[PDB]
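Student: To start, I am sharing the structure in question, which I have written as structure tokens.
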Amino acid sequence: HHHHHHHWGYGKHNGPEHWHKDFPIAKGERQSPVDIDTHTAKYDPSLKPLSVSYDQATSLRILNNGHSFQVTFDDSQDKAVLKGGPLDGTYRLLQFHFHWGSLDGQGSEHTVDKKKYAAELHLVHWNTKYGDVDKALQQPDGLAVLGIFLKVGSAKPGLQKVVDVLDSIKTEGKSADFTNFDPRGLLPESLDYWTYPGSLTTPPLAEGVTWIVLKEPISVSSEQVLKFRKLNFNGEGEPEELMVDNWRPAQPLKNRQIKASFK
Ligand SMILES: NS(=O)(=O)c1cc(C(=O)O)c(Cl)cc1Cl
Ligand code: NI
Ligand SMILES: [Zn+2]
């Protein structure tokens, strides 16, 4: 009988279309992202507003991991947490990262009534009742991701401290100290959201994520998102391959219901 055990990426040869070969959970019923069909999405008056408590958030480092860039946080205490919305309990912010396109007309992972945004911001949190992120990763209610759409318009002031250091992490494996960054400067004004049970959108595509996708996009300038597109998927000394189109497309919703926090 069959038995199951090159690196994944976003290229023709190793992109989303192929991930199912090493990560067969891609074939399952809880995969992210999804298209949010607003007609289908049922307003659920029993969802609470999302309580974002980032008042003490302690950023640590910023790094290029070869598939995105991310800002890490001290998650040893409840410095930056999510609760309420659809969540039971407290989730601690570990990291945020982005996905974006080669052009403004694509780049988001989630879509809304089939519309793609220019980019999507993901704030990754883990359920404190499991003690750390490695234990949480193993559970169905282990993680919560707050997803935020980016459109191109006016500059996002809170994003500028990030953009101003991207030249220091151009290539894979580069990182830098990145202290005193306030993630509140990346939120939109309204915290109205859609929620559904899903997965990581990157391998290993584990099905343990409560997704919270905000209705309202933030706007960033063309100049800012152009700075994203100057990152490299490659290492220093390797041929240049610009880090663009690092998004997985919408996956089948199957039997899941997406709920809205708003009428
Ligand atoms: N795209 S995602 O589903 O938010 C996600 C991405 C990553 C990643 O760094 O590749 C991680 Cl560790 C966790 C999550 Cl939850
Ligand atoms: Ni066997
Ligand atoms: Zn992500």
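Using the deposited numbering, the letters of the sequence shown map in sequence onto residues -5 to -1, 3 to 125, 127 to 261. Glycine residues also receive a C-beta, built at the ideal position from the N, C-alpha and C atoms.
1. Using a threshold of 8 Å, is the CB atom of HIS64 nearer than that to any non-hydrogen atom of ligand 1?
2. Would you mind reading off the limits of the alpha helix (DSSP H) that contains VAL223?
3. Report back the beta-carbon spacing between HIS119 and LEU90 to the nearest angstrom; my notes put them in contact at under 8 Å.
4. Would you mind giving the Cβ-Cβ distance between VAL49 and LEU79, rounded to the nearest angstrom? I have them listed as a contact below 8 Å.
5. Should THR108 be counted as a contact of ligand 3 given a C-beta to heavy atom distance under 8 Å?
6. Could you please give me the residues that DSSP links to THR193 through a beta bridge?
7. Would you kindly report the start and end of the unbroken beta strand (DSSP E) that includes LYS149?
8. Between which two residues does the alpha helix (DSSP H) harbouring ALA134 extend?
9. Report yes if the C-beta distance between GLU239 and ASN253 is below 9 Å; otherwise report no.
10. Which residue wins for smallest C-alpha separation from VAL163, given the options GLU106, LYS228, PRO186, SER219?
11. Would you please state the rounded distance, in angstroms, between the beta carbons of residue 2 and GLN92? I believe it to be under 8 Å.
12. Taking 8 Å as the threshold, find out whether the stretch 197 to 211 comes into contact with the stretch 12 to 27 through three or more Cβ pairs.
13. Thinking C-alpha only, which one of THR193, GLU187, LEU157 is nearest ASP180?
14. May I have the straight-line CA-CA distance separating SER56 from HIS(-5), to the nearest angstrom?
15. In chain order, what residues of the same chain lie with their CB nearer than 7 Å to the CB of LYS111, ignoring the 5 residues before and after it?
16. Roughly how many angstroms separate the alpha carbons of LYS127 and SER73, rounded to a whole number?
17. Using CA atoms only, rank isn't needed, just tell me which of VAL109, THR108, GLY129, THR208 is closest to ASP75.
18. List the endpoints of the continuous beta strand (DSSP E) containing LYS159.
19. Are there 16 or more other CB atoms within 10 angstroms of the CB of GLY102, so buried, or fewer, so exposed?
20. Determine the burial state of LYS45: buried for a count of at least 16 other Cβ atoms within 10 Å of its Cβ, exposed for fewer.
21. What is the DSSP secondary structure of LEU90, counted as helix, strand or coil?
22. Beta carbon of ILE146, beta carbon of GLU106: below 9 Å?
23. Considering only heavy atoms of ligand 1, list every residue whose Cβ is less than 5 Å from one of them, following chain order.
24. Just mark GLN136 as buried or exposed, buried being the case when its beta carbon has 16 or more other beta carbons within 10 Å.
Tutor: The short version:
1. Against the sequence shown, residue 64 aligns to sequence position 67. Answer for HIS64: yes, Cβ within range of ligand 1.
2. Working through the sequence shown from its first residue, we reach residue 223 at position 225. Its alpha helix (DSSP H) spans residues 220 to 226.
3. The residue you call residue 119 lines up with position 122 of the sequence shown. The residue you call residue 90 lines up with position 93 of the sequence shown. With 8 Å as the limit, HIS119 and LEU90 do not qualify as a contact, their Cβ atoms being about 11 Å apart.
4. By one-based count along the sequence shown, residue 49 stands at place 52. By one-based count along the sequence shown, residue 79 stands at place 82. Indeed, because the Cβ distance is near 6 Å, the residues count as touching under 8 Å.
5. Here residue 108 refers to the residue found at position 111 of the sequence shown. Flag unset: Cβ of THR108 not near ligand 3.
6. In the sequence shown, the residue the question calls residue 193 occupies position 195. DSSP, once it has assigned bridges, lists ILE210, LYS257 as partnering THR193.
7. The residue you call residue 149 lines up with position 151 of the sequence shown. Run containing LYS149: 141 to 150, per the beta strand (DSSP E) assignment.
8. For the purposes of this step, residue 134 is taken as residue 136 along the sequence shown, with counting starting at 1. It spans 131 to 134 - the alpha helix (DSSP H) in which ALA134 sits, taken as one unbroken run.
9. The residue given as residue 239 occupies position 241 in the sequence shown. The residue given as residue 253 occupies position 255 in the sequence shown. The answer is no: Cβ separation not under 9 Å.
10. In the sequence shown, the residue the question calls residue 163 occupies position 165. Here the closest residue by C-alpha is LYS228.
11. Because residue 2 lies between -1 and 3, and the chain jumps straight from the first to the second, it has no atoms in this structure.
12. yes
13. On the sequence shown, residue 180 is found 182 positions in, with the first residue counted as 1. That would be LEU157, whose Cα lies nearest to the Cα of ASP180.
14. Locating residue 56 in the sequence shown gives position 59, counting from the first residue. Locating residue -5 in the sequence shown gives position 1, counting from the first residue. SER56 and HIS(-5): Cα-Cα distance of roughly 48 Å.
15. Position 114 of the sequence shown, counted from the first residue, corresponds to residue 111. So the qualifying residues of the chain are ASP32.
16. To locate residue 127, count along the sequence shown from 1; it is residue 129. To locate residue 73, count along the sequence shown from 1; it is residue 76. Taking the straight line from one Cα to the other gives about 13 Å.
17. If you number the sequence shown from 1, residue 75 lands on position 78. The shortest Cα separation from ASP75 among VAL109, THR108, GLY129, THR208 belongs to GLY129.
18. For the purposes of this step, residue 159 is identified with residue 161 of the sequence shown, where counting begins at 1. Segment 158 to 161 is the alpha helix (DSSP H) holding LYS159; no beta strand (DSSP E) there.
19. If you number the sequence shown from 1, residue 102 lands on position 105. Burial call: exposed.
20. For the purposes of this step, residue 45 is taken as residue 48 along the sequence shown, with counting starting at 1. Exposed: under 16 other Cβ atoms inside 10 Å.
21. Taking the sequence shown and counting its residues from 1, the one referred to as residue 90 is at position 93. Reduced to three states, the DSSP call for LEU90 is strand.
22. Walking along the sequence shown from the start, residue 146 turns up at place 148. Walking along the sequence shown from the start, residue 106 turns up at place 109. Their beta carbons are not under 9 Å apart, which means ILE146 does not touch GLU106 by this criterion.
23. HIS119, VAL121, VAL143, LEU198, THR199, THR200
24. Numbered from its first residue, the sequence shown carries residue 136 at position 138. Per the 10 Å Cβ criterion, exposed.
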